[PDB]
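Following this are structure 1 and structure 2, which are two forms of one protein chain, each written alone as structure tokens.
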Structure 1
């Protein structure tokens, strides 16, 4: 059991420390908890893989873990919850736009059709994670500004309107922020970003949204589990 107890003691240590705090050396810890030095080494390496600690020269220090978000139709806040992390969303702005030729094609609406755009910043533990710009065919969502809690999951709101998320199509690229994106996200011109572009489709294969998400690479990891059979 001494190998299980050391892992629990490191978790308890972690609860009380700040980001950047160094752990005692591996040998001191091992002796504190009557386990091998290699046992402490391994538990620290597991924390590191979990994003909860990082190396600083010879030392292991407390890190702010990246949110590990599954690719698919799940939620940003649910992903962070799963890791014991506190995520939120902040309204940047609603914008009323119209669909140009390209966007009309993506959403399968008429050229000129009304588009409602929601822009929000995603946060975790007091720091900015990403900027989410969702363009919606406005005709599909009357009252959305009225019925929608802008801090909540838009996907849950869309599901509550009888619209099921049946198919998503993502592109994932790297990027750098422009001046506005950098200011919104506490970043600079050199900060590495993920740039995802999504179109979602409902049970009738009718487009739900086109969503652009620009995430700071230092605050986000994406995970994707694929099966051969389906």
Structure 2
């Protein structure tokens, strides 16, 4: 699977290029933001954080493990009502939030044993590790998202013009 780097969800993007794709819940977790995460999200140190962790499939195989950290206060009732199998991105937009800017870091790493088990991967195999912070129309952070993608099932691409 060859995926242009993009602002939109890659699950939705895979759906677009005419492929099957989906999301499998791993866990919701209630966290409180440490100094680092508080700074990233622009919330108080100790603020509630809602974490959604999912396995991502495409073309009926596992391709990624996505861990999204949300400032809980921005999202009343999300954990109670969100269909974790739907598009998180669309739900947030539905809440009057526009994905205005995204800052992505692209790393490469070996999965830990838990990540490797969730993805059906050999732990020796390198994975893409993407980390994203997205910002809304007022430049308030929406989410911090970590995506671990199987190196053998994903190629990212970029076309650039002078």
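Basically, rigid core = biggest C-alpha set you can superpose within 1.5 Å across the two forms. Numbering follows the first chain given and starts at 1.
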Only residue that shifts (Cα, 2 Å or more, rigid core superposed) between structures 1 and 2, among 139, 95, 83, 153: 83
Core-aligned CA shift between structures 1 and 2 for residue 126 (Å): 3.1
Backbone CA shift between structures 1 and 2, residue 188, after core fitting (angstrom): 1.7
